[PDB]
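Q: Next comes the structure file work.csv, holding CSV, C-alpha atoms.
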chain,number,residue,atom,x,y,z
A,201,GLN,CA,12.0,-18.9,-1.8
A,202,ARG,CA,8.6,-17.3,-2.1
A,203,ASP,CA,7.1,-19.8,0.3
A,204,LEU,CA,9.9,-19.0,2.8
A,205,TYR,CA,9.1,-15.3,2.3
A,206,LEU,CA,5.3,-15.7,2.8
A,207,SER,CA,5.8,-17.8,5.9
A,208,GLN,CA,7.5,-14.7,7.4
A,209,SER,CA,4.7,-12.2,6.6
A,210,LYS,CA,5.4,-10.2,9.8
A,211,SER,CA,9.0,-9.2,9.1
A,212,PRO,CA,10.9,-7.6,6.2
A,213,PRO,CA,10.9,-7.7,3.2
A,214,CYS,CA,7.4,-9.1,2.5
A,215,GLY,CA,6.4,-7.2,5.7
A,216,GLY,CA,7.5,-3.9,7.2
A,217,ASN,CA,8.0,-1.3,4.5
A,218,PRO,CA,8.9,-3.3,1.4
A,219,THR,CA,10.4,-1.7,-1.7
A,220,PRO,CA,7.9,-1.8,-4.5
A,221,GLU,CA,9.6,-4.6,-6.5
A,222,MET,CA,10.0,-6.8,-3.4
A,223,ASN,CA,6.3,-6.2,-2.7
A,224,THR,CA,5.4,-7.2,-6.2
A,225,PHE,CA,7.5,-10.3,-5.9
A,226,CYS,CA,5.9,-11.2,-2.6
A,227,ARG,CA,2.4,-10.8,-4.2
A,228,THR,CA,2.9,-12.5,-7.5
A,229,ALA,CA,3.0,-16.3,-7.7
A,230,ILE,CA,5.4,-18.4,-9.8
A,231,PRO,CA,4.0,-19.4,-13.2
A,232,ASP,CA,4.9,-22.6,-14.9
A,233,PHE,CA,8.1,-22.3,-17.0
A,234,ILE,CA,8.0,-25.5,-19.1
A,235,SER,CA,4.4,-25.0,-20.0
A,236,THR,CA,5.2,-21.7,-21.8
A,237,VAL,CA,7.8,-23.0,-24.3
A,238,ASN,CA,6.0,-24.1,-27.5
A,239,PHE,CA,7.9,-24.1,-30.8
A,240,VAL,CA,4.9,-24.4,-33.2
A,241,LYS,CA,3.2,-21.3,-31.9
A,242,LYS,CA,6.5,-19.4,-32.0
A,243,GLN,CA,7.3,-20.4,-35.6
A,244,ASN,CA,3.7,-19.6,-36.6
A,245,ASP,CA,4.0,-16.1,-35.1
A,246,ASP,CA,7.4,-15.5,-36.9
A,247,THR,CA,6.1,-16.8,-40.2
A,248,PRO,CA,3.8,-14.4,-42.2
A,249,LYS,CA,0.4,-15.9,-42.6
A,250,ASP,CA,0.5,-15.3,-46.3
B,209,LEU,CA,22.9,-23.4,26.2
B,210,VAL,CA,23.3,-21.5,29.5
B,211,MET,CA,23.4,-18.2,27.6
B,212,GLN,CA,20.1,-19.0,25.8
B,213,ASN,CA,18.6,-20.0,29.1
B,214,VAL,CA,19.5,-16.5,30.4
B,215,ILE,CA,17.9,-14.9,27.4
B,216,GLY,CA,14.8,-17.1,27.1
B,217,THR,CA,12.6,-16.9,24.1
B,218,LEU,CA,14.1,-14.4,21.6
B,219,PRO,CA,12.0,-11.3,21.4
B,220,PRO,CA,10.8,-10.3,17.9
B,221,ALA,CA,12.0,-7.2,16.0
B,222,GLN,CA,8.7,-5.3,15.4
B,223,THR,CA,6.2,-5.2,18.2
B,224,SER,CA,3.1,-7.4,18.0
B,225,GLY,CA,-0.1,-7.8,20.0
B,226,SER,CA,1.0,-11.3,21.1
B,227,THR,CA,4.6,-10.5,21.9
B,228,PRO,CA,6.4,-7.2,22.5
B,229,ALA,CA,9.4,-5.9,20.6
B,230,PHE,CA,12.9,-6.1,22.1
B,231,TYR,CA,13.0,-2.4,22.6
B,232,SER,CA,9.4,-1.9,23.9
B,233,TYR,CA,8.8,-1.0,27.6
B,234,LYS,CA,6.5,-4.0,28.0
B,235,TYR,CA,9.3,-6.4,27.2
B,236,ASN,CA,11.8,-4.5,29.5
B,237,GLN,CA,9.4,-4.3,32.5
B,238,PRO,CA,11.3,-6.8,34.7
B,239,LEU,CA,14.7,-6.4,32.9
B,240,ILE,CA,15.0,-2.7,34.0
B,241,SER,CA,14.7,-3.7,37.7
B,242,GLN,CA,17.0,-6.7,37.2
B,243,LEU,CA,19.9,-4.7,35.7
B,244,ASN,CA,19.4,-1.6,38.0
B,245,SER,CA,22.3,-1.2,40.3
B,246,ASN,CA,20.1,0.2,43.1
B,247,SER,CA,18.6,-3.2,43.5
B,248,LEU,CA,21.8,-4.2,45.3
B,249,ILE,CA,22.8,-1.2,47.5
B,250,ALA,CA,19.6,0.6,48.3
B,251,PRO,CA,17.6,-1.8,50.5
B,252,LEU,CA,18.8,-2.6,54.0
B,253,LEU,CA,17.1,-6.0,54.3
B,254,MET,CA,16.2,-8.0,51.2
B,255,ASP,CA,12.6,-9.3,50.9
B,256,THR,CA,12.8,-13.0,49.9
B,257,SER,CA,9.1,-13.4,49.7
B,258,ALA,CA,7.8,-14.1,46.2
B,259,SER,CA,5.4,-11.2,46.0
Output the file's structure as structure tokens, nothing else.

A:
Amino acid sequence: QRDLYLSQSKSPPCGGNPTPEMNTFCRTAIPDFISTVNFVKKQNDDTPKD
Amino acid sequence: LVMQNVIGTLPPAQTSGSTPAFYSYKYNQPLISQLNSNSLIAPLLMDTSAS
């Protein structure tokens, strides 16, 4: 969807007069989703270090 | 198909340096003369030369 939007960077909504959230979406890339899930770090954060 | 052939390339929405908008005067330069009624009844002898 973002590629289809950026290929049309002469027409709304990535162009013209975008609403701020749409402008932010057009600007920001798509981070990796699988790479961010990590159970060990989450459990370590939840558990007190003591 | 014939209806697209009438229209030609679809003009863009917002005007650009390469191509004019559908509502700009540059795009409608020949269309205004084509759709004008006076193009039919005003002259007394049509000019068929491609000037």

Q: Taking only residues of chain B that have an atom at most 10 Å from an atom of chain A, what is each one's shortest atom pair and its distance in Å to one decimal, using only C-alpha atoms, in chain and number order, as JSON lines?

A:
{"residue": "B:220", "atom": "CA", "partner": "A:211", "partner_atom": "CA", "distance": 9.0}
{"residue": "B:221", "atom": "CA", "partner": "A:211", "partner_atom": "CA", "distance": 7.8}
{"residue": "B:222", "atom": "CA", "partner": "A:211", "partner_atom": "CA", "distance": 7.4}
{"residue": "B:223", "atom": "CA", "partner": "A:210", "partner_atom": "CA", "distance": 9.8}
{"residue": "B:224", "atom": "CA", "partner": "A:210", "partner_atom": "CA", "distance": 9.0}

Q: For residue A:223, work out the shell of residues within 12 Å, counting only C-alpha atoms and skipping chain neighbours fewer than 6 positions away, then give it as a PyMOL selection string.

A: chain A and resi 202+205-206+209+212-217+229

Q: Give me the residues near residue B:217 as number ranges by chain, where near means some atom within 12 Å (using only C-alpha atoms) and where sequence neighbours in that chain fewer than 6 positions away do not count.

A: B: 211, 227-230, 235

Q: What does the structure give for the distance between atom CA of residue B:216 and atom CA of residue B:258, in Å to one decimal?

A: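 Between atom CA of residue B:216 and atom CA of residue B:258 the gap works out to 20.6 Å.
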
Q: Work out how far apart atom CA of residue B:233 and atom CA of residue B:247 are and give it in Å to one decimal.

A: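 Distance reported for this atom pair: 18.8 Å.
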
Q: Report, in Å to a single decimal, how far apart atom CA of residue A:232 and atom CA of residue A:245 are.

A: 21.2 Å

Q: Is there a way to complete stretch 230-245 of chain A with N, CA and C atoms and then write that out as a tab-separated table (two decimals), in the coordinates of the input?

A:
chain	number	residue	atom	x	y	z
A	230	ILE	N	4.38	-17.95	-8.83
A	230	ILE	CA	5.40	-18.40	-9.80
A	230	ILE	C	4.67	-19.17	-10.89
A	231	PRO	N	4.67	-18.66	-12.11
A	231	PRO	CA	4.00	-19.40	-13.20
A	231	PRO	C	4.86	-20.58	-13.64
A	232	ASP	N	4.22	-21.46	-14.40
A	232	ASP	CA	4.90	-22.60	-14.90
A	232	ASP	C	5.86	-22.20	-16.05
A	233	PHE	N	7.09	-22.71	-16.01
A	233	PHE	CA	8.10	-22.30	-17.00
A	233	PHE	C	8.10	-23.26	-18.20
A	234	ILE	N	8.03	-24.58	-17.97
A	234	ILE	CA	8.00	-25.50	-19.10
A	234	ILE	C	6.79	-25.37	-19.93
A	235	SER	N	5.65	-25.08	-19.30
A	235	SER	CA	4.40	-25.00	-20.00
A	235	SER	C	4.34	-23.88	-21.04
A	236	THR	N	5.22	-22.89	-20.94
A	236	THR	CA	5.20	-21.70	-21.80
A	236	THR	C	6.00	-21.89	-23.09
A	237	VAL	N	6.93	-22.84	-23.13
A	237	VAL	CA	7.80	-23.00	-24.30
A	237	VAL	C	7.02	-23.91	-25.29
A	238	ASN	N	6.76	-23.38	-26.48
A	238	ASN	CA	6.00	-24.10	-27.50
A	238	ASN	C	6.53	-23.63	-28.87
A	239	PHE	N	7.19	-24.52	-29.60
A	239	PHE	CA	7.90	-24.10	-30.80
A	239	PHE	C	6.92	-23.85	-31.96
A	240	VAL	N	5.82	-24.60	-32.04
A	240	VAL	CA	4.90	-24.40	-33.20
A	240	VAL	C	4.28	-23.05	-33.17
A	241	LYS	N	3.82	-22.59	-32.00
A	241	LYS	CA	3.20	-21.30	-31.90
A	241	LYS	C	4.25	-20.18	-32.22
A	242	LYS	N	5.48	-20.35	-31.72
A	242	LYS	CA	6.50	-19.40	-32.00
A	242	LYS	C	6.82	-19.26	-33.47
A	243	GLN	N	7.01	-20.41	-34.13
A	243	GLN	CA	7.30	-20.40	-35.60
A	243	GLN	C	6.11	-19.81	-36.34
A	244	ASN	N	4.88	-20.15	-35.94
A	244	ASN	CA	3.70	-19.60	-36.60
A	244	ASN	C	3.68	-18.08	-36.47
A	245	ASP	N	4.00	-17.56	-35.28
A	245	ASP	CA	4.00	-16.10	-35.10
A	245	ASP	C	5.12	-15.48	-35.95
